[PDB]
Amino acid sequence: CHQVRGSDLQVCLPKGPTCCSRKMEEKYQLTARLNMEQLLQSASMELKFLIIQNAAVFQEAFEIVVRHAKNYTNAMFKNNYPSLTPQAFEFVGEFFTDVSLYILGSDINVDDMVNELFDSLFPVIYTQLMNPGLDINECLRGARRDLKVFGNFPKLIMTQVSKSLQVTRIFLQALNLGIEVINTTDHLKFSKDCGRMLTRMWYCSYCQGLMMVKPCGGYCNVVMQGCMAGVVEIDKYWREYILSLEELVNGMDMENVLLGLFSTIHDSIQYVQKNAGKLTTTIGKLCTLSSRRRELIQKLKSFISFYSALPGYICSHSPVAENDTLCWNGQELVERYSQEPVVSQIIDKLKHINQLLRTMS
């Protein structure tokens, strides 16, 4: 043994003498772990950055659309229903606040936003528009629904906005989930047998005192196919996630729906006032964007074989003798080579988001 870069070892199969002890064997084991990790990192980096890019852009683009709709809706109220301000400035803000929250994954029930909106809207219509001239607020909030003053305008808005806010939410959910599974890949822990085999493949030749010999490609594939056995099962679910995503995008907006809200609300106010006469009395008694989507799907399809091409990536981006001549077989230099929990969580997450994508478009 010159420079290197009995027997009681536990990894390197000792044909006879050996250059390395049990302690240098443990060194070689940890550097195999570090090496596999770096390689997995490099495999997943470009795809990870792609989805990180678009998740950040699309989130702001959608946030811009909500802010613009809020101000337009606020301005339309200020201009057409000044008697309803400043109260309108408050329930419009309440609604679009929940819009963004619902878009970004918060537990928000759409039927509320609409119902809270109309529950807040009706008392100020009654007091300021229908019968001009504080303790009686809660009665009017209850009579709004008990007397169905807006007809089916709330249901109409409910379906108008729930369909458009659901697709936008799920699109952001799927982008962030892809980041989360791909980022999990470079942290995948493998079996101890795989680690011992990786050590034999990459480093045990130095223990026999060889300097330039590389492992056989065939030996690398048998080793890698054995290491990535659970990982390759993820391929079919990843391909369905890509295709389901491509389905959603080809089917697509939220701007028109949210911009159109004031028009629908205004007609709902007109409906109510068509009944002010009798309604007062009873209440008296009672009381390039699309271009970005395309380019993302284009780049995303180029990575559709990520999990199936992964073992080949590790073998090709490490020194191997793909020729299978004068190569290291794990225990001797040969002339020609002859012969889950975390994974299941990735599966489950891909299954869940793939249902959500399917049943949308």
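From 1 onward, residues are counted along the sequence shown.
Asks: As recorded in the PDB entry, how many deposited residues are without coordinates between residue 133 and residue 134: none, 1 to 3, 4 to 9, or 10 or more?
Replies: Per the deposited record, the segment joining residue 133 and residue 134 lacks coordinates for 4 to 9 residues.
Asks: Counting only residues of the deposited sequence, how many between residue 287 and residue 288 have no atoms in the entry (none, 1 to 3, 4 to 9, 10 or more)?
Replies: Gap between residue 287 and residue 288: 10 or more unmodelled residues.
Asks: Would 189 to 197 or 175 to 183 have the larger average of its C-alpha temperature factors, as given in the entry?
Replies: In the deposited entry, the stretch with the higher C-alpha B-factor mean is 189 to 197.
Asks: Mean C-alpha B-factor higher for 104 to 112, or for 149 to 157?
Replies: Between 104 to 112 and 149 to 157, it is 104 to 112.
Asks: Between 38, 308, 53, 44, which carries the biggest CA temperature factor in the record?
Replies: The record points to 308.
Asks: Considering every modelled residue of the chain and its Cα B-factor in the PDB entry, is residue 283 in the lowest, middle or highest third?
Replies: According to the entry, residue 283 has a C-alpha B-factor in the chain's highest third.
Asks: Where does the C-alpha B-factor of residue 33 rank in its chain, lowest, middle or highest third?
Replies: Within its chain, residue 33 is a middle-third residue by C-alpha B-factor, going by the deposited values.
Asks: Using only modelled residues of the chain, where does the Cα B factor of residue 48 rank: lowest third, middle third or highest third?
Replies: Bottom third by C-alpha B-factor.
Asks: Taking the values exactly as deposited, rank residue 226 by C-alpha B-factor within its chain and report the matching third: lowest, middle or highest.
Replies: CA B-factor rank for residue 226: highest third.
Asks: Can you tell me whether residue 163 has a C-alpha B-factor in the lowest, middle or highest third compared with the other modelled residues of the same chain?
Replies: Residue 163: CA B-factor falls in the middle third of its chain.
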